[PDB]
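Because only heavy atoms are used, hydrogens play no part in the values below, and waters and symmetry mates are left out as well, while side chains stay in. Every chain is numbered from 1 and lettered A, B, ... according to where its sequence line falls, protein lines coming before strand lines. Atoms within each ligand, like the ligands themselves, are counted from 1 in listed order.
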Amino acid sequence: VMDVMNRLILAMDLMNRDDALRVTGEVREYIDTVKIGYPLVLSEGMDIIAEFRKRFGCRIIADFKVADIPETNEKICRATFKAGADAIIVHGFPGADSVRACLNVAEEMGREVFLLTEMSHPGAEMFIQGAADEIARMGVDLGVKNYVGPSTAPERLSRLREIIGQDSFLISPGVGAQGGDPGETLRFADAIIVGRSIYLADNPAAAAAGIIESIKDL
Amino acid sequence: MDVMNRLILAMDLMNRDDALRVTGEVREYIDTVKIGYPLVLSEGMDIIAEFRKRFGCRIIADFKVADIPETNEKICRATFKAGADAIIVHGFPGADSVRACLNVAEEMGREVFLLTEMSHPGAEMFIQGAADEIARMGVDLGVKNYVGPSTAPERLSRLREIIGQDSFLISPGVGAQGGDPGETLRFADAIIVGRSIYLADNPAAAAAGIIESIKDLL
Ligand SMILES: O=c1cc(O)n([C@@H]2O[C@H](COP(=O)(O)O)[C@@H](O)[C@H]2O)c(=O)[nH]1
Ligand SMILES: O=c1cc(O)n([C@@H]2O[C@H](COP(=O)(O)O)[C@@H](O)[C@H]2O)c(=O)[nH]1
């Protein structure tokens with residue numbers, strides 16, 4: 001599995017290149033893994049991945065929540081890996097063929113798929129929560145090795161870890177701004193994803209250092 | 001929304017030259033283009049303004065938005081900043097996530113389309129069982145624009161039943177995936193067509209043919 005420094009992944013959702021670069025640079029000593037999503041990519045272009053690689057010693061996880069038909073998912077993964085992403089996050093709710101499409105491109109291209117089985121926000125309760133156990137098991141059957149699950153529902157994060165087993169890699173958003181606790185989350189997740197707590201802080205570096213101090217024993 | 005010839009071009013070519021040439025080749029037949037991540041992640045969001053400059057077409061950004069409310073808001077804002085007239089949003093992540101999109105669309109004078117059900121085989125696993133509830137959620141939220149599958153006309157008909165004749169319904173899965181233009185237009189206001197046109201030896205003839213086959217529905 002990827003070796004995530006300090007078990008901490010920056011969710012860089014600032015939408016301005018200068019600010020994104022400043023904040024990421026400021027926390028570079030604490031984090032070697034950066035999640036880049038559509039807020040930043042749709043604002044600055046896919047070349048932002050190349051710039052982060054150039055500027056920082058950071059792995060890039062493209063948080064694109066890929067959720068189309070198999071043919072389109074393939075194209076999305078190809079474009080994303082071509083741009084230099086190490087990994088891509090894919091939704092499971094569109095079903096097995098759509099996930100396999102992504103797995104096949106990632107295998108061909110030497111990169112990784114993360115499967116999002118369940119989400120951290122209130123709305124996830126309406127439809128996603130009821131499908132989550134089956135989406136996770138589908139992931140296991142398809143040979144998915146990397147997963148995303150919510151820090152805001154520890155009971156459910158724990159179940160997800162059970163389903164995927166200890167060998168699978170699990171990262172978890174919803175820490176800080178959404179109410180998730182770093183320590184409690186790391187009982188089950190390999191790494192926490194943190195965005196606003198860090199990138200909106202007056203001192204992002206102090207914010208990251210503080211999160212890390214709070215989980216030192218882990 | 002008044003779509004010329006009830007025909008929306010799914011421009012999923014991933015080269016700017018080809019995308020512009022092929023769209024130019026069929027310009028006389030369409031005034032509405034669906035641009036998705038395959039083109040955008042390959043050529044950048046500036047391509048949307050380029051299409052408006054070259055063709056004057058309306059642009060539907062097919063981004064399958066499927067994140068938490070806070071991120072969805074950012075995605076919609078970036079998308080409408082780029083000149084999209086409309087954006088397509090998944091309903092599966094729940095009501096708060098859709099409302100986030102509705103908020104930005106209202107603020108910038110744009111439209112949200114709710115994807116209630118998909119056209120590919122994997123849609124059967126999780127999406128189909130939630131589809132009617134997602135459609136009702138759309139109605140509850142005041143959504144007026146919907147997307148449903150050509151490949152399952154009985155399910156497309158049910159979606160039309162739920163949302164009423166006043167709602168606007170567009171439908172992909174025509175041609176390449178097996179859907180029939182005329183049958184689809186029994187229920188959808190417009191059909192979405194990608195490969196059958198853009199991979200055609202002669203895209204203009206392809207579009208002309210499709211239109212010929214539905215000429216009594218125009
Ligand atoms: O269930 C999920 C899945 C996510 O990817 N995310 C993403 O993780 C990040 C959370 O950022 P924040 O720490 O500011 O709440 C955002 O990029 C969001 O899009 C999430 O919040 N919940
Ligand atoms: O259920 C759906 C929803 C879609 O947006 N689409 C999209 O509609 C288009 C279908 O293109 P095609 O005619 O080449 O099958 C693609 O852009 C695809 O991503 C779909 O095929 N099925």
Taking distance alone, with no angle check, do B:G194 and ligand 2 share an N/O pair under 3.5 Å? yes
State whether the shortest distance between N or O atoms of B:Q177 and N or O atoms of ligand 2 falls below 3.5 angstrom.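 Min N/O separation from ligand 2 is below 3.5 Å for B:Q177.
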Within a distance under 4.0 Å of any heavy atom of A:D13, pick out the atoms of ligand 1 and give their elements.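 In order of number, 16 (C), 17 (O).
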A:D181: side-chain contact (heavy atoms from CB on, under 4.5 Å) partners, not counting sequence neighbours: A:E184
If you measure from each non-hydrogen atom of [X] to ligand 2, which part falls under 4.0 Å: side chain, backbone, both or neither?
X	answer
B:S119	both
B:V174	backbone
B:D62	side chain

With atoms numbered from 1 as shown, which atoms in ligand 2 lie under 4.0 angstrom from a non-hydrogen atom of A:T72? 16 (C), 18 (C), 19 (O)
Proximal atoms of ligand 2 relative to A:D68 (non-hydrogen, under 4.0 Å):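 Selected atoms, number and element: 18 (C), 19 (O).
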Nearest neighbour of atom 9 (C) of ligand 1 from the list A:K65, A:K35, A:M119, on a heavy-atom basis: A:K35
Would you call B:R58-B:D31 a salt bridge at under 4.0 Å N-O? yes
For atom 8 (O) of ligand 2, what is the closest protein heavy atom, and at what distance to 0.1 Å? B:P172 CB, 3.3 Å
May I ask whether A:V148 places a heavy atom under 4.0 Å from ligand 1?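 Judged by the 4.0 Å heavy-atom criterion, A:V148 does not count as contacting ligand 1.
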